[PDB]
Amino acid sequence: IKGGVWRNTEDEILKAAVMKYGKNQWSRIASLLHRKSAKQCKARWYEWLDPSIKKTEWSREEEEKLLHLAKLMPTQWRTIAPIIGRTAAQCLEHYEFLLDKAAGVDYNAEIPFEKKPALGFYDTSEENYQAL
Amino acid sequence: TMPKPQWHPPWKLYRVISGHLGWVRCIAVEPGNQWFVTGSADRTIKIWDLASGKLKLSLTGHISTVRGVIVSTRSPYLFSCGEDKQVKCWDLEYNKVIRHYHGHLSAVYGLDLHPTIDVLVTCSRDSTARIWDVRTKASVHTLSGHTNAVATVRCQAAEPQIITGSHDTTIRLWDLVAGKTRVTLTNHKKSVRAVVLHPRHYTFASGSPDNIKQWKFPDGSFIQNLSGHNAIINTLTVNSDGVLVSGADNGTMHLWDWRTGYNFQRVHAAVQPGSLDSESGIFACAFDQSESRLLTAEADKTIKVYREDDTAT
Amino acid sequence: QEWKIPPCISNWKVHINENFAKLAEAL
Amino acid sequence: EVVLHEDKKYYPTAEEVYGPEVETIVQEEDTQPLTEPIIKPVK
Amino acid sequence: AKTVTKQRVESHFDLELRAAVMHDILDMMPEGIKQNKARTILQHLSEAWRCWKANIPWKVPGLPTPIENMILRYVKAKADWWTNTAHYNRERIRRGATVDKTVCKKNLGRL
Amino acid sequence: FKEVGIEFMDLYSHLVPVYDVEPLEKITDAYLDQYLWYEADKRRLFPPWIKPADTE
Amino acid sequence: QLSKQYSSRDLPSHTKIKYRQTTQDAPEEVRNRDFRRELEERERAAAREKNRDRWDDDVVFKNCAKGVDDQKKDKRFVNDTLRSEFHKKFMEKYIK
Amino acid sequence: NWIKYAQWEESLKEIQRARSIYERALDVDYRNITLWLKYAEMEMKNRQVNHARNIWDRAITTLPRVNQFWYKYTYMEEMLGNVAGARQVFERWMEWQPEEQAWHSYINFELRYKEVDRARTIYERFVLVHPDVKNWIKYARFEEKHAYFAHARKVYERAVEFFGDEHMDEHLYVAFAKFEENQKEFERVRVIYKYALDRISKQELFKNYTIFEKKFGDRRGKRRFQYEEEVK
Amino acid sequence: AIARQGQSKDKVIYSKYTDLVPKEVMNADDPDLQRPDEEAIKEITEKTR
Ligand SMILES: [Mg+2]
C-alpha cells in the first residue's frame, strides 16, 4: 500500500532532507515524506539519487570488464557492481542490453569579596575616581 | 664528558613474556628477587617468577586499570592503586585485601612507601597527593599544590621526603611533617611524567618529553641536562652502577651514564606478534635486586626482560 | 601550518583475485 | 598455492620478530595456585 | 567521595579515558600555544570509536601522524576493554549466574 | 534484491542468526520453496537416507 | 570545625601491622644476600628442568591431511583484539 | 569573561573593583599575558603610575621570559622621564641573557641620549653573551659610525684573536678588509688578506670565492695572471 | 622584595636571574651533598612520629 512510483517532489525533498540531516538517520527522513518508509528512502538514496552514482553511457573498458566479470562470477551483481563502479541494477540493465543488442546583598550592597590591591613602592593614597 | 667516561656494556633482550590481555602499566620487584609483579588494564595483578618467567599468581579485585604497584620491604604487603580511585593493601600472607585507603577524587596515578616510617604516598588526577598512615588508613596530610594531575611521586628518607611531579610541568618538593612545599622547580616545558632518585649520590632526576634534568639535593639546584631522545617519556630508572634508563611512548628506550649524560645505547624493540606498530612503547620498567635484569612493561601487552651482554667489549 | 587540525565534523553527531577466472572457466 | 581463511597468517612468528637471542615465552594461566603464599609465614 | 560502581563504570572508564588522552597528549603533542584541538581531538576520538564499532576503516585525509597513532592506540585499548568485557559477560550468562535485564541485551548487541 | 536485516536470537548458550526480508521477496521465495520441494518429492530427488523427513 | 558524622567503613580494622619475619624475608637477610649468584643458579636450574622436560577404490581425493601439524597459532600472542586467537575462539563459539 | 567584566567596571570608573577583578583573574591563571597587559594598561589609562609600576615589576618577576613585559616596562619609564629607572630595568633584563633584539633595544635606548660610553659597554657584554661573528662585526661597525676608528681596528683585532684559527671565516675577515680599505691601508689590506687567509682554512668554497672577489675589488680600487691560472 | 611581600623573611622565594643559571660539577662527592646522616634522620623521624 505504501509502495509506489517515485515522484520528483518526493525525490527533491529527499535530496534536501539527506543534505540537512545526514546519511545515517533514515527514520527522520521518512518522517517528512508521505507514502514512503525508511528502508525505501535509504535504498532509494544508495540505488539512484546518490550523486556518487555514475549515470552515463558505458565506455568500451567498462563493457569489457563487465562482460569478463559476469562470466567469472555468474549472477552475482552486488559483488561485480562495486568492481566496475556502477549500480547493480544499472549494470544489470546494461548486461541484458548487451545480450539484447548482440542478437542577595552579597552583590548590590557590599562588595562580594574584597581584595584591596597590595601596595607597592608608590603612593595610592591620593588617587580617587569620578562618578558616572 | 670527563674522559670518554665509564664504559658500560650494552644490554640485549633476553626474554619475552606474554599473558596480559590489557596494557601492562606497572612493574615492581620483590625484596628477595623471587617474584616480580605487574598491574594491568586487564584489572589484574599478576605475580611472575623472576627466574623462569612463569606466572605464579593472578589477583583480581580492582575495578579498573591498575596503575601502580608497590611491594613493601618491611611488611608482606602489596599496595596498588588504580584508575578506579582505590588504593588497596593486599596481605600477601592470604592473597587478599585487608585494607583500602579511601579519599582521592579521581584516578590515582601513583604511589610509594616511606622506607622507614610506615606511611604511603599517593598521586592523583585530582591534583593532590596524599600521605596515608598505613596502619590506620588515615589521611595524615593532603598535599595541595600542583594545578594538574600529579603523575609520579617518589619518597625518600632524608631531606625533601616527598618528590613529586605533575602534568603541569612543575616539580614540588614536599616537607612531610608540614605537608607544605619547600621547593618549586619549573624548568620543564612539558609534563613531568617520571622522576627517579639516585641510590647513592643524593641527587634526583626528572623526565619530560623535551628533556631530562638532574637535580642536587636539597632544594634542587640544576646540575645537568641530558638531552637526546624525545618522546613522551614515561620511565626513569637507575642502577647502583650509574645506569639510567629512559622509557618512552614511542617504544624507544635509551640507556644513559648517570654522570655524564652519555647515551651509550638506544634500544628500539619489536612489537609483539600480533599487535599494531602504534601500540608500542614502554609504560614502565624495573631492575631486579641484583641489577642484572631490566624488566619492561609494554603496551603490546608484554613483559620484556633485558640482560646485560657478557661479551660486550 | 602542520598542526592545523582537520575539523572533526561528525558523521554521527576493493580488489579481486584472478583465481576466480581459472575456477569459473574450469567449471 | 592457496590458503583457506581457516589459517591465513597475519603477523610473523612471535620468535622471529624479536630475534633469536631473546627468549620469548607466553605465560598464560599461572602456577603456585593461589592458596599458596607469596611470602610464607614463620612457624 | 563517590565510589566506582556498576551504574557508573562505563561512564567512569570513558571519563578517565578522555582524561588519559587529554592529559597525555595535550602535555605531549603541544605548541599550538592557544588551545590545541582538545574538543576537536576528542571528537576525532569518539568518531574513530564509532567507526570501529561500525567496522568502517577510518582515515582522515589530513592529520598529524602522532595524533593518528595516538587515536589508533587508545581506540584499540578501549576496543580490548569492551571486547574482553563482552567475552566475560557471555561466560556469566552461559553459566546462568547473572539475571539482569540490561546486560543481556547489551551483551547481545556486542556479539 | 534489497538488503536483509539481521539480528540474533539469544539462547543464552549459542546465538541464532535471524534474517529479515522485504515482504515481496518473501512471498516470491516462499512459493519458490513449496514448488521446489513439491517437484522434488514427485521426482524422488532425495534418497531415503536424508531424514528430517516428512514421513516420520 | 570537625563533624561528628561517622561511617561504617571508617571503623577500626587491622590495627596491627604485620612486620615481616626472618623466614618471610626480613630486610636484614636482603641486605646481606648476593642476589646475582642466587638469580643465576635458579635460572640455570630452571633451564635444566626445561631441558629434562624436552578399497574405497573410488574417491575424489587423495589425502588432504599430509603435513598438517596444527601450527603455532595458539602459541602466538597477538596484541590486537580482533585478531587474537582468543577472540576467534570466542567469536566461533557464541555466534551460531 | 574575566576581561570583559574588568573592562566594564573600568568604563564606569569603579577602578577599585576592576583591580580586584584583575587580581582574581590572575589567581585563576597567572601565566596569561593578555591578562597582565590589560591590567597594567588599565592602571596607566587612569594615571595610576605607582600601581602600574608595581604591576610591571610583578609581571617581569613571575614571567621573566615574556619580552612584551620588558619592552612595555622600559617604555613606560621612559615616557615618565625616569631614565635611571629604565636603565635599572634594562640591567635586570640583561641578567636573563635574552635575545639579540633585546640587547639592540638596550643599546638604542642608550643612544637616544648621547651616552656612547654606556652603549659601548653594553656591546662589550653582548658580544660575549652571544659571541656570533655578526655581533662582533656590528660592534665594530658601531665604532666606525661614531668615528672611533682606532677602537674599531682594535675591536677587529680582538675578534680575530678571540675566534682564532680554529673557526673563522669570510664575513669577519671581509669586513676587516673593508675597514682597512676605507682607512687607505691598501698594502696592509693585502697583508691581512693573504697572511690571515693562509694562516687558516681556505679553498667553505663559496666563502673563499667571496673573499677572492673582495680582494680583486680592492686591487682594482700583465695583472690578469690568475685569470689564466684559474682557467687552466 | 615584591614577591616576598606576603610571606615572612624566613620563607624562601626565587626571583633573580642568577637563581635560574646553572652551577656545575661538584665532584664525585663532597660534604655538600649527603643525606643528613643516620643520627639526624633518627632525630627527625622521632620528632615527626
Ligand atoms: Mg539508576
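Determination of this PDB entry was carried out by cryo-EM to a resolution of 4.90 Å, according to the record.

So, on to the interface of chain C and chain E. Size of an interface, as often reported, equals the accessible area lost when the parts are brought together. Each partner contributes residues to the interface: chain C has 11 residues there, and chain E has 14 residues. Tallied by class, the residues present in the side of chain C that touches chain E amount to six nonpolar, two polar and three charged.

Attention now moves to the packing of helix 1 (residues 2–11) of chain H against helix 3 (residues 33–45) of chain H. Helix packing for two helices is described by the angle between their axes and how far apart those axes are. Residues and elements named next belong to chain H. Packing of helix 1 against helix 3 leaves a shortest axis separation of 11 Å and a crossing angle of 5 degrees. Relative to helix 3, helix 1 is oriented roughly parallel. Where helix 1 approaches helix 3, its residues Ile3, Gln7 and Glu10 are matched on the opposing element by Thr34, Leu35, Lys38, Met42 and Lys45. Partitioning the contact of helix 1 with helix 3 into residue classes produces three nonpolar, two polar and three charged.

A word on the pattern of salt bridges. As enumerated under the stated definition, the model contains 59 salt bridges over all chains in all. The partner of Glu6(D) in a salt bridge is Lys73(G), with the nearest N and O atoms 3.9 Å apart. Taken as a pair, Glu6(D) in the segment before helix 1 (14–18) and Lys73(G) in the loop between helix 2 (35–53) and helix 3 (85–94) lie in two separate chains rather than in one. Its relative accessible area of 62% is what places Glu6(D) among the exposed residues. The exposure class assigned to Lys73(G) is buried, which follows from its relative accessible area of 13%. Two residues, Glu143(H) and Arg120(H), come together in a salt bridge whose shortest N-O distance is 2.9 Å. Taken together, the positions of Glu143(H) in helix 9 (residues 133–145) and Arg120(H) in helix 8 (residues 116–129) put the pair 23 residues apart, joining distant regions of the chain. With a relative accessible area of 1%, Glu143(H) lands in the buried category.

To continue, consider the packing of aromatic side chains. A complete count under the given rule lists 40 aromatic pairs over all chains for this structure. Taken together, a centroid distance of 5.3 Å and an interplanar angle of 20 degrees make the contact between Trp49(E) and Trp52(E) stacked. Of this pair, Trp49(E) and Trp52(E) both sit in helix 2 (residues 38–53), three residues apart, roughly one helical turn. For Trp52(E), a relative accessible area of 25% gives the class partly exposed. Centroid distance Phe176(H) to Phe179(H): 6.4 Å. Interplanar angle 25 degrees. Geometry classified as stacked. Within this pair, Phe176(H) and its partner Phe179(H) are both found in helix 11 (residues 170–182), separated by three residues, close to a single helical turn. Exposure class is identical for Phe176(H) and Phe179(H). Each is buried. Joined through ring pairs, the aromatic side chains of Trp70(H), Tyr71(H), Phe90(H), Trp93(H), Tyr106(H), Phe109(H) and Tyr113(H) make up one cluster. For the cation-ring pair, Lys42(A) lies above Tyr46(A), with the distance from its terminal atom to the ring centre recorded as 4.7 Å.

All names here are of chain B. Checked against the element boundaries, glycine 103 lands in the loop between strand 9 (96–101) and strand 10 (108–113). Looking at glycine 103, the relative accessible area reads 15%, which means it is buried. Separated by 35 residues in sequence, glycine 103 and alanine 138 have C-alpha atoms that sit 9.4 Å apart. Sequence-distant contacts of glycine 103, that is, excluding residues within four places in its chain, are made with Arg130 and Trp132.

Cut-offs and rules
Residues numbered from 1 in each chain as written, not as in the entry; some residues may be left out. Chains lettered and ligands numbered in written order. Part of a larger assembly, values for the part shown. Heavy atoms only, no water. Residues with missing side-chain atoms left out of burial classes, pairs and counts. Contact = heavy atoms within 4.5 Å. Nonpolar A, V, L, I, M, F, W, Y, C, P; charged D, E, K, R; others polar. Axes fitted to C-alpha atoms, helices over the stretch in contact; angles between N-to-C directions. Helix = DSSP H or I, 4+ residues; strand = E, 2+ residues; numbered from the N terminus. Parallel < 35°, antiparallel > 145°, perpendicular 65-115°, else oblique. Salt bridge = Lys/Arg side-chain N within 4 Å of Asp/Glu carboxyl O. Buried < 20%, exposed > 50% of the residue type's maximum accessible area, 1.4 Å probe, protein only. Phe/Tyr/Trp six-rings, centres within 6.5 Å; stacked < 30°, edge-to-face > 60°. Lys NZ or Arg CZ within 6 Å of the ring centre and 35° of its normal.

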